[PDB]
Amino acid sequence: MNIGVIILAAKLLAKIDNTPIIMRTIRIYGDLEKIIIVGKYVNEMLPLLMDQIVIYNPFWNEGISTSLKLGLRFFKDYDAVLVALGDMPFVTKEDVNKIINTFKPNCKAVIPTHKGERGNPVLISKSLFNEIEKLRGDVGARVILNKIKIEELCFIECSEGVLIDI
C-alpha cells in the first residue's frame, strides 16, 4: 500500500545509547518510504541526515503547517502518509505495524493510543490531503482530525512510546 512517512524536524542531537535521537527516530520507520523535513537546526544535523531525502523548510518559523504541506507534496499520490515527529525516538516498530495494519477501508485516519491518551505518529489517509492543504499557521494533525466524524476515525493501542516526546 502507498504509505509514506513524513518525519517532522522543524535537543534532536542528544545521544541515547550513543546514537543521536533524530537518528533513532528515523530508523524506527525502517524500510518505509520517508522524508525528513528540517528547518530550525538544519545546519547542525545535516551531515547526520545525508542518507535521507531531506527537505529544508524556509518557512519553518511560520508554524508546523508549512512543514507538513511540503512533506505532503512528495506523497500526494500515496494512499496515506504517516506523520511522525523526529522528537519521539521511543515509538516502537511494532507500534508502527499496529497503526498501519489497523488502517481499514473506511478509515480516514488512524490514531495511536496509550492508557487513555492519543499519541503519534498519526496515520492520515489520502482523503484528507486536500484538507491539510488548506491548513495554515502553527496548526496540524489536531485541526484536521477534528474535521472528521468519529465514525470515520480508527485507532489502536501502542506502547507508551506513542506518547513520550522526550
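A residue's number is simply how far along the shown sequence it sits, counting from 1.
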In terms of residues present in the deposited sequence but not modelled, what lies between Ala10 and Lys11: none, 1 to 3, 4 to 9, or 10 or more?
4 to 9
Using only the Cα atoms and their B-factors as the entry lists them, report which of 47-55 and 111-119 averages higher.
111-119
Stretch exceeding the other in mean C-alpha B-factor - 129-137, 64-72:
129-137
For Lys40, return the chain-relative third of its C-alpha B-factor as stated in the PDB record: lowest, middle or highest.
middle
Which third, lowest, middle or highest, does the CA B-factor of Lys34 fall in along this chain?
lowest
Cα B factor band for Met1 (lowest, middle or highest third within the chain)
highest
